[PDB]
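# No sequence on hand, only this structure:
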Ligand SMILES: Cc1cn([C@H]2C[C@H](OP(=O)(O)O)[C@@H](COP(=O)(O)O)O2)c(=O)[nH]c1=O
Ligand SMILES: [Ca+2]
């Protein structure tokens, strides 16, 4: 997989962000994770966490997997990096997402993310508290 440039347009919630990619605005949905909706427990904390990560980043990059690059809603599906750190993994390591929506052929980082979720669960963090 490879990283490609993008710039932030707007934070949305824990697992979606509006980015400019190849010069076009698109909403990205983070692969392999599910954050609570803003209206649910830990929703506001997830949204805040992702917002801080992406707003503070000097460099945002998008990494598509081997499969589908847009979902049925027209959202890009990617792993998102902020100054080299993967947002998807950071959410899992903090207990602010669950690994989910693991579809065959778009699951390159599944085991990296499950390892982070295991460590969050051992620490009883946030969702696992
Ligand atoms: C993460 C992801 C979601 N989706 C679709 C599945 C779910 O469809 P349904 O809307 O029919 O439940 C929806 C969940 O995204 P959200 O968690 O953002 O609601 O997005 C994909 O198709 N591929 C993906 O990789
Ligand atoms: Ca969600």
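In hand now; what should we look at? Residues are numbered from 1 along each chain as shown. Ligands and ions are numbered 1, 2, ... in the order given.
# in the chain, which spans are helices?
43-56, 87-93, 110-122 (DSSP state H).
# want to throw the ones you listed into JSON lines with mean neighbour count and distance to ligand 1?
(Each C-beta comes from the backbone N, C-alpha and C, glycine too.) Shown next, in JSON lines, are the helices of the chain (neighbours: other Cβ atoms under 10 Å; distance: least, Cβ to the nearest ligand atom, whole Å):
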{"stretch": "helix 43-56", "mean neighbour count": "18", "distance to ligand 1": "11"}
{"stretch": "helix 87-93", "mean neighbour count": "24", "distance to ligand 1": "10"}
{"stretch": "helix 110-122", "mean neighbour count": "16", "distance to ligand 1": "12"}
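# can you redo these as a markdown table with distance to residue 73?
Shown next, in a markdown table, are those (distance: least, Cβ to Cβ, whole Å):
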| stretch | distance to residue 73 |
| --- | --- |
| helix 43-56 | 18 |
| helix 87-93 | 18 |
| helix 110-122 | 22 |
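# mind putting those helices in a markdown table, distance to ligand 2 included?
As requested, the helices of the chain are exported to a markdown table (distance: least, Cβ to the ion, whole Å):
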| stretch | distance to ligand 2 |
| --- | --- |
| helix 43-56 | 8 |
| helix 87-93 | 11 |
| helix 110-122 | 15 |
